[PDB]
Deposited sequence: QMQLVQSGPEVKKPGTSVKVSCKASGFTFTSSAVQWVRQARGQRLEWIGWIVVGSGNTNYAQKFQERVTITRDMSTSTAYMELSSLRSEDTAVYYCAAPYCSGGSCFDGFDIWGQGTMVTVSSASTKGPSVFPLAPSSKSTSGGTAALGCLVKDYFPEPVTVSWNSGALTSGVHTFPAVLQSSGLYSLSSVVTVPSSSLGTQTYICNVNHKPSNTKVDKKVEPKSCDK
């Protein structure tokens, strides 16, 4: 009843990548596994499918001479390889398969994977920078600039007040780095009030900031 995938990866342009999809809870011998693709905010795409028993494969026209799909009957795991990576292949890859118990099989793809984020670009790693914002009772927040890996979390003070926080998604800047912003309001009908502070934390780097705001 599961198709657990591998972890996220960050590759470089021109290299290759292999993604796994391990089945558990059903008879993997008689089934079929299809692969899809989705970017951030875009629609789904189709790649190809493989019969687990026979091994026969069919690919899309645009992914034909770039993708190979293997079988690995033992241990019940299926793979997929992408060659000649480009900057447009930054997406999330899923694997789906029907439920089969004995000879009979389901009529559709009901078991789905969990995803595998793949980012391909230049640069290696860079901790972000934090700027303070100012009022002009109004709105006020933090700022973040230039971090490559992508996952980042912003808190406020420690966890309190759970107000109209608005953490916008990151945008792939021109150079290749990212940036996001976080902002709240000050409904307290005053400027001299609760002593609230910002907070940033980046995972693939020992970097932590506690920049303060206010006038």
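Query raised in the report: What are the missing stretches of the deposited sequence, listed from start to end?
Result: Deposited residues absent from the model fall in 1, 138-144, 224-228.
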